[PDB]
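**Q** let me start by giving you these chains from the complex, positioned as in the assembled structure:
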Amino acid sequence: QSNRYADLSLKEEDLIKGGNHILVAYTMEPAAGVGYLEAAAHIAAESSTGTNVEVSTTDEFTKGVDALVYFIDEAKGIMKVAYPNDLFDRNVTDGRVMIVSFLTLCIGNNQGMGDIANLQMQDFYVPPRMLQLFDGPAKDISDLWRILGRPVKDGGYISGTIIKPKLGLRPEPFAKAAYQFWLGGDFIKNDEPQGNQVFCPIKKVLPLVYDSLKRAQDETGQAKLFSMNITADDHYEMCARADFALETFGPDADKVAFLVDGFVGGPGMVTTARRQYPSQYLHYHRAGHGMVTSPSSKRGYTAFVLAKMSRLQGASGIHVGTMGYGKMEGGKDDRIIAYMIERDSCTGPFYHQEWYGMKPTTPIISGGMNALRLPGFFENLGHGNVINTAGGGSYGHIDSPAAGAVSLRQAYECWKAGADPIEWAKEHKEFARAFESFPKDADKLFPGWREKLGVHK
């Protein structure tokens, strides 16, 4: 099928300039005894206009929408395919494109082919017209900065946490833990699985959470933010939770973000939040993604691809990991993921992308961070225009959750001032106490801290 579904003489520069194709770059390894080009061509066919044999029903018009392999490097195990724009599904309702079609064609059936050892998407290019037909984000970090009374341009670090334990707190205990963090921090979110468990019903816990928000706001003089999980199988269940949340928070309802477990939940749930509640910050939680985005995986698509898709879907923010600075699987090069979702112009691993003013998706950092690890994280990224949720780093603090929230903020102020963390600790109590809260991390990152800070009987 090489003759029909491959044209290795096409120039990528031309395919991009034309603006008539979505381009996709994969890593690929063919099965034993299978030629590399024929594998790529079969993938292109199975991912667009054909199957594994000739069919009587094929006409010449069909060939015009064939996906085409325009580049392969067998030595490097790379293949690139051009997908004509007209292949992708459109809403009958409003003509917009849908991400589920992109997934179906470009990373659907080709993941189960017997003649393919493995196939993973590394990057993709979206031309101007296709980008115009995606929803894109309706809210972004600047809306949160505005609420917090900080500059809508470069408003900087937003301190946050997840309520701990991840499951098991009853309504009153849950509301109290929320209150305690907000005395020092900006941002609280449900842990990914917390919803309407029988031991902590939503109708009971949420009004109490709002009371905690009000009390913290009155006492601190600062606005507070809450990100609520509305993930659910039933579309109308999602809307029921959402409707109840906004009514409950009343005059502070703009401060309610909606969290959706978008990876295991799928594009449907993300779009429900985005289209039915565009005026609420949409928080994309990627739980489960590791099953394909892991460094050891040669299937599906990468974390980078996921983040870039989420921006098109209309996520206000998305988890991008800790880039090797915490407890999940990530490395320092993952900073490109944040750049791609927050900048108007950025170059991915294979494709440069212009966003033409589409709103930025906030990079949200979570997973094993604390005040001691943050200075190193910020140095790698180059800035702090982020939301940083730290469950362990906050509730794990020896003094209080509030002190934990403060320690996170002081760590950012330390890095921003370009100061020495140990010396910074000498003038910032909460930050200093984080060393004693997480001594194993302290010994590794800042050896000799006990001696320098006078932490001894």
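**A** Yes, it's here. Numbers count the residues shown, from 1 in each chain, chains lettered A, B, ... in the order given.

**Q** check contacts around residue A:438.
**A** Neighbouring residues of residue A:438 by C-beta atoms under 8 Å, 6 or more residues apart in numbering: A:370, A:372, A:393, A:396. The way it works is simple: take the backbone N, C-alpha and C, and place the C-beta from them, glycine included.

**Q** buried ones in stretch A:163-177?
**A** For stretch A:163-177, burial by neighbour count (16 or more other C-beta atoms under 10 Å) applies to A:163-164, A:169, A:171, A:174-175, A:177.

**Q** how is chain A partitioned into domains?
**A** For chain A, curated CATH domains gives the domain ranges A:3-134, A:135-437.

**Q** show me what the spatially most central residue of chain A bridges to in the sheet.
**A** Nearest residue to the geometric centre of chain A (C-alpha atoms, centre = their mean): residue A:318, 2.7 Å. Beta-bridge partners for residue A:318, by DSSP bridges, are residue A:284, residue A:363.

**Q** ok so, going back, which one of the buried residues of stretch A:163-177 is nearest residue A:434?
**A** Among the buried residues of stretch A:163-177, residue A:164 lies closest to residue A:434 (C-beta to C-beta), at 16.1 Å.

**Q** then chain B, please:
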Amino acid sequence: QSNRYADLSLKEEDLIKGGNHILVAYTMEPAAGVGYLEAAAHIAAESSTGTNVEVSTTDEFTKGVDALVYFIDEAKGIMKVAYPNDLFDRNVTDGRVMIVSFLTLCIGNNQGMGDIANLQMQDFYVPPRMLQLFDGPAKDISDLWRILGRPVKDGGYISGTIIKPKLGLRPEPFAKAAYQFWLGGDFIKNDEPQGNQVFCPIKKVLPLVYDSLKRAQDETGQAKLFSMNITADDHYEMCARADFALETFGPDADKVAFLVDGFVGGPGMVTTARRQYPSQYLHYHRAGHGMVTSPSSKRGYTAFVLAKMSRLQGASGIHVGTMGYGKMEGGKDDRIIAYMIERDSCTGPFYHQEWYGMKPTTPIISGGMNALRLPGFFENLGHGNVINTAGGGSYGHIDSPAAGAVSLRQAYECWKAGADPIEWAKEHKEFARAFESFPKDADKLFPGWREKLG
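**A** Chain B now in position relative to the chains above:
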């Protein structure tokens, strides 16, 4: 954490009899330098009530809902976890459980832990009360048999296809292609990506397809079935397509199945079809699943787990592959996947499951099949109470799509009669002509066929 999130003295037999836990069996390999139990215990914690450090907010009540490792085999790389039922989310609207919560906890964050090399679910057990709170299927194959005028019990083989090419046919060509197959076959479905492309809009093609269904019904005197793709990001787009489909088919609207790309589309799209249009057969298409279900994968979950979940979600039927008899990745032991979704009582790789009358999900066979390959597939499976869609096997036939449909039916009749395929071909032209349509398959499966068939 081992002391808290593992109790290897718990008896699995007791955990099952109690009916208070969902049990899950994984393959697991810890990261380098990490002990197996400490890995397992950490996995249990991250999948329920805790994190990687102690927190001041922990109370004693939280421990009662801790997930517990109750079994490990470091040598075989197996671990099993008991998840208390109360952990899982419930609708405020109607109290039922949701599959996305099961996914979030049992195969969510645990796929990205740095101290875990890999982790994949092999099987799970659902106790009676949790099962009562799942939607389950509302329609099944017996509903199709009833329409087709066949016994609602063991109605047997349903011949089918996918329209080929998978993308690109315009409305009139598309509808004409549909008509040609139905002259011989029962069942047509959209290929997984076909919807409202600009070269073939739904409002244009669907009325033409219905015309094709009517012409074939009048001419064959047999009822026909069509499975339409309604997959879409927007819930209300799905409903727009569904509403239009039912109105268009009018008095035959009961013969319309709704196809959903449930893996890439997610539980949200499946439940939209299941709950808003329960009286329509819901066809679960598993496009994308190979990224975790592949034999080469050590992450996510297996095809078996996926299929078992789909039944809980309320799929009327789901793709289960060709079990090593076609072009995708599958083997003969995959027949257990079909058994688990269609039987009332079956034993999985790790757990026996009673279904207590929940409707069976139809095993749908698709992917590189033709009349020559079917006899081997049926012998392995043991029956033909299946829907078999063959795109290439049908439109690939040298004579016609109708002839292709007949050859598929004749292949089932051959196996059912326990006949020799080469000798069966001597009395069935359509079946015989399938040898010439796919000579390469013919040479492998039936060497010397050219001489015997002349």
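
**Q** re-run the earlier check on the buried residues of stretch A:163-177 with chain B in the model.
**A** For stretch A:163-177, burial by neighbour count (16 or more other C-beta atoms under 10 Å in any protein chain shown) applies to A:163-171, A:173-175, A:177.

**Q** that stretch: how far from the chain's middle?
**A** Distance of stretch A:163-177 from the chain centroid (C-alpha atoms, centre = their mean, to the nearest Å) equals 25 Å.

**Q** follow-up on the earlier one: isn't the residue nearest to the centre of chain A right up against residue A:310?
**A** Yes - with contact defined as C-beta atoms under 8 Å, residue A:318 and residue A:310 form a contacting pair (4.5 Å).

**Q** intersection of neighbour lists for these two?
**A** A:262, A:284, A:341, A:361 (C-beta atoms under 8 Å, 6 or more residues apart in numbering or on different chains).

**Q** does residue A:201 touch residue A:171 like I think?
**A** Yes - contact criterion C-beta under 8 Å: residue A:201 and residue A:171 qualify, at 7.2 Å.

**Q** residue of the stretch 251-400 of chain A nearest chain B, please.
**A** Using C-beta to the nearest C-beta, the single residue of the stretch 251-400 of chain A nearest to chain B is residue A:266, 1.4 Å away.

**Q** helices along the stretch 1-150 of chain A, start to end?
**A** Assigned by DSSP state H, counting those that start in this stretch, the stretch 1-150 of chain A shows helices spanning A:2-5, A:12-18, A:36-46, A:60-63, A:99-107, A:128-132, A:141-148.

**Q** the following sequence is to be added as chain C:
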Amino acid sequence: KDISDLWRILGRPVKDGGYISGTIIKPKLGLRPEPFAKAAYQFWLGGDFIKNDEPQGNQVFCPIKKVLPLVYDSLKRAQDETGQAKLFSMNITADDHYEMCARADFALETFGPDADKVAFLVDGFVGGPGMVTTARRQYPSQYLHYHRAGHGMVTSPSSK
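**A** Putting chain C together with the chains above:
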């Protein structure tokens, strides 16, 4: 839905699960919410199944919003004490389609994790096919209890 779904909830064989004990709340009209809830609790200590009498709904002396949460408390209390599941069949009969749905929605929300144990009773003969289909099509996952009040006006042995 059918009786096998009820057998399943009750933990009995889904095939030939046998006798389901039940009752109607007495007096047929007149109990206030607390008295009504108490009567429900008392039967459920021994029985499986309770249903509204055919006319009981939202009378001014016993509003639905008041009584239904109390009935659910009684169902829970009986379940906890007997270790047996209990069933309740609620009248949602009403002229207005949207009144029926309001009652149905409120009932399922109220019963929360036990909402599958709520049946919907419809006075189908005097109420007509419209009301029956409303329950059947808008709430198919809830057991539909057809009450034939009024039927005797034509079905009587004396009727021709």
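
**Q** and the contacts of residue A:438, now that chain C is part of it?
**A** Per C-beta under 8 Å, 6+ apart, neighbours of residue A:438: A:370, A:372, A:393, A:396, B:53.

**Q** buried ones in stretch A:37-55?
**A** Result for stretch A:37-55 [16+ other C-beta under 10 Å]: buried residues A:37, A:39-53, A:55.

**Q** of those residues, list those near chain C.
**A** Among the buried residues of stretch A:37-55, no residue is within reach of chain C (C-beta under 8 Å from any C-beta of the partner chain).

**Q** which residues sit in contact with the residue nearest to the centre of chain A?
**A** Residues in contact with residue A:318, defined by C-beta under 8 Å, 6+ apart, are A:262, A:283-284, A:286, A:306-307, A:310-311, A:341, A:361-364.

**Q** same thing but 6 Å
**A** Taking C-beta atoms under 6 Å, 6 or more residues apart in numbering or on different chains, we find residue A:318 in contact with A:284, A:307, A:310, A:361.

**Q** contacting residues for the first one?
**A** When the contact criterion is C-beta under 6 Å, 6+ apart, the partners of residue A:284 are A:262, A:310, A:315, A:318.

**Q** now do 10 Å
**A** A:258-263, A:265, A:269-270, A:273-274, A:306-307, A:309-311, A:313-319, A:361-362, A:364 (C-beta atoms under 10 Å, 6 or more residues apart in numbering or on different chains).
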